[PDB]
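> Have a look at this one.
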Amino acid sequence: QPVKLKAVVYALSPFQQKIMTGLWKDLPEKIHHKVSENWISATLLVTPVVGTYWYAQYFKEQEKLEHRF
Amino acid sequence: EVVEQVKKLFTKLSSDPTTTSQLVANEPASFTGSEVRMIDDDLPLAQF
């Protein structure tokens, strides 16, 4: 079923705009946004992997030293 | 007779030195590829 919309849209031709310079425009703010929104998500993905890996190396090292005469 | 009445009546004209060819030269007209879409789905016919 079609929607029934009322809007005004202005568009400029692709051959009247700069195409690539927008990739490195306000670069610091982009990084700021990415770390600000996603630091909780990155912690919930990185902490269990690194924590479990670190414990396994910690376990294997001690177990290797108890069996050593 | 038209020339004589024009000479008689059209006396108090401005005589400003501004000339149309200089006006178009300092403010030229250029074409910009672009579009405006006025979406209104209550009108019965579309016109573009």
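All residue names refer to the structure tokens as shown: chains lettered A, B, ... in order, residues numbered from 1 in each chain, ligands numbered from 1 in order.
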Would you kindly report the residues of chain B within 12 Å of chain A, using only C-alpha atoms, as a list in words?
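Interface list for chain B against chain A: residues 31, 32, 33, 34, 35, 36, 37, 38, 39, 40, 41, 42 and 43 of chain B.
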> Let's have the selection written as a compact mmCIF listing (two decimals), in the first residue's frame, with C-alpha atoms.

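So out_4.txt came out as:
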```
# COMPACT_ATOMS: atom_id res chain seq x y z
CA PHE B 31 22.67 27.38 -15.36
CA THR B 32 22.90 24.98 -12.41
CA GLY B 33 21.77 21.38 -12.80
CA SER B 34 19.34 20.76 -9.95
CA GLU B 35 15.74 19.92 -9.21
CA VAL B 36 12.84 20.80 -6.93
CA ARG B 37 10.19 18.17 -6.19
CA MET B 38 7.01 19.41 -4.51
CA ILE B 39 5.34 16.17 -3.43
CA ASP B 40 1.61 16.56 -2.80
CA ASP B 41 -0.37 13.33 -3.10
CA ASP B 42 -3.74 15.09 -2.81
CA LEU B 43 -3.50 16.75 -6.23
```
> Where does DSSP see strand (DSSP E or B) in chain B, if you list the residues as a ChimeraX atom specification?
/B:34-40
> Let's see if you can do this: from backbone DSSP, list all alpha helix (DSSP H) residues in chain B, as a PDB file with N, CA, C and O atoms, in the first residue's frame.

```pdb
ATOM      1  N   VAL B   2       3.051  60.380 -34.992  1.00  0.00           N
ATOM      2  CA  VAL B   2       3.429  59.686 -33.761  1.00  0.00           C
ATOM      3  C   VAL B   2       4.768  60.209 -33.256  1.00  0.00           C
ATOM      4  O   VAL B   2       4.969  60.395 -32.049  1.00  0.00           O
ATOM      5  N   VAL B   3       5.698  60.466 -34.176  1.00  0.00           N
ATOM      6  CA  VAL B   3       7.005  61.002 -33.807  1.00  0.00           C
ATOM      7  C   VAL B   3       6.862  62.398 -33.215  1.00  0.00           C
ATOM      8  O   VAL B   3       7.592  62.777 -32.291  1.00  0.00           O
ATOM      9  N   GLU B   4       5.916  63.185 -33.729  1.00  0.00           N
ATOM     10  CA  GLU B   4       5.759  64.551 -33.244  1.00  0.00           C
ATOM     11  C   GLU B   4       5.157  64.588 -31.846  1.00  0.00           C
ATOM     12  O   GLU B   4       5.558  65.407 -31.012  1.00  0.00           O
ATOM     13  N   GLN B   5       4.188  63.714 -31.569  1.00  0.00           N
ATOM     14  CA  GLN B   5       3.606  63.683 -30.233  1.00  0.00           C
ATOM     15  C   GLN B   5       4.590  63.121 -29.213  1.00  0.00           C
ATOM     16  O   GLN B   5       4.628  63.575 -28.065  1.00  0.00           O
ATOM     17  N   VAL B   6       5.397  62.134 -29.609  1.00  0.00           N
ATOM     18  CA  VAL B   6       6.400  61.601 -28.692  1.00  0.00           C
ATOM     19  C   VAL B   6       7.397  62.690 -28.314  1.00  0.00           C
ATOM     20  O   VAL B   6       7.731  62.867 -27.135  1.00  0.00           O
ATOM     21  N   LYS B   7       7.863  63.452 -29.306  1.00  0.00           N
ATOM     22  CA  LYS B   7       8.759  64.570 -29.036  1.00  0.00           C
ATOM     23  C   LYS B   7       8.107  65.605 -28.127  1.00  0.00           C
ATOM     24  O   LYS B   7       8.790  66.269 -27.340  1.00  0.00           O
ATOM     25  N   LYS B   8       6.788  65.768 -28.236  1.00  0.00           N
ATOM     26  CA  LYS B   8       6.095  66.779 -27.444  1.00  0.00           C
ATOM     27  C   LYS B   8       5.899  66.335 -26.001  1.00  0.00           C
ATOM     28  O   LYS B   8       5.963  67.157 -25.080  1.00  0.00           O
ATOM     29  N   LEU B   9       5.640  65.048 -25.779  1.00  0.00           N
ATOM     30  CA  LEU B   9       5.204  64.617 -24.458  1.00  0.00           C
ATOM     31  C   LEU B   9       6.320  64.003 -23.627  1.00  0.00           C
ATOM     32  O   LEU B   9       6.392  64.245 -22.419  1.00  0.00           O
ATOM     33  N   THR B  20      21.667  48.561 -20.312  1.00  0.00           N
ATOM     34  CA  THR B  20      21.302  47.173 -20.043  1.00  0.00           C
ATOM     35  C   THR B  20      22.447  46.207 -20.321  1.00  0.00           C
ATOM     36  O   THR B  20      22.539  45.165 -19.663  1.00  0.00           O
ATOM     37  N   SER B  21      23.326  46.520 -21.274  1.00  0.00           N
ATOM     38  CA  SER B  21      24.371  45.565 -21.620  1.00  0.00           C
ATOM     39  C   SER B  21      25.390  45.452 -20.497  1.00  0.00           C
ATOM     40  O   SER B  21      25.957  44.379 -20.266  1.00  0.00           O
ATOM     41  N   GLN B  22      25.623  46.546 -19.778  1.00  0.00           N
ATOM     42  CA  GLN B  22      26.521  46.488 -18.633  1.00  0.00           C
ATOM     43  C   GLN B  22      25.874  45.759 -17.461  1.00  0.00           C
ATOM     44  O   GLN B  22      26.566  45.104 -16.672  1.00  0.00           O
ATOM     45  N   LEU B  23      24.551  45.869 -17.320  1.00  0.00           N
ATOM     46  CA  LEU B  23      23.872  45.195 -16.218  1.00  0.00           C
ATOM     47  C   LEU B  23      23.973  43.679 -16.341  1.00  0.00           C
ATOM     48  O   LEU B  23      24.257  42.989 -15.355  1.00  0.00           O
ATOM     49  N   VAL B  24      23.751  43.141 -17.542  1.00  0.00           N
ATOM     50  CA  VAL B  24      23.852  41.697 -17.734  1.00  0.00           C
ATOM     51  C   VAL B  24      25.300  41.237 -17.616  1.00  0.00           C
ATOM     52  O   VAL B  24      25.571  40.089 -17.244  1.00  0.00           O
ATOM     53  N   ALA B  25      26.250  42.111 -17.946  1.00  0.00           N
ATOM     54  CA  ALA B  25      27.656  41.718 -17.914  1.00  0.00           C
ATOM     55  C   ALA B  25      28.166  41.594 -16.482  1.00  0.00           C
ATOM     56  O   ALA B  25      28.903  40.656 -16.156  1.00  0.00           O
ATOM     57  N   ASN B  26      27.794  42.532 -15.611  1.00  0.00           N
ATOM     58  CA  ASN B  26      28.247  42.468 -14.226  1.00  0.00           C
ATOM     59  C   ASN B  26      27.421  41.523 -13.365  1.00  0.00           C
ATOM     60  O   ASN B  26      27.864  41.162 -12.270  1.00  0.00           O
TER      61      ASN B  26
END
```
> Quick check, in Å to one decimal: how far apart do atom CA of residue 61 of chain A and atom CA of residue 46 of chain A lie?
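Result for atom CA of residue 61 of chain A versus atom CA of residue 46 of chain A: 22.6 Å, one decimal.
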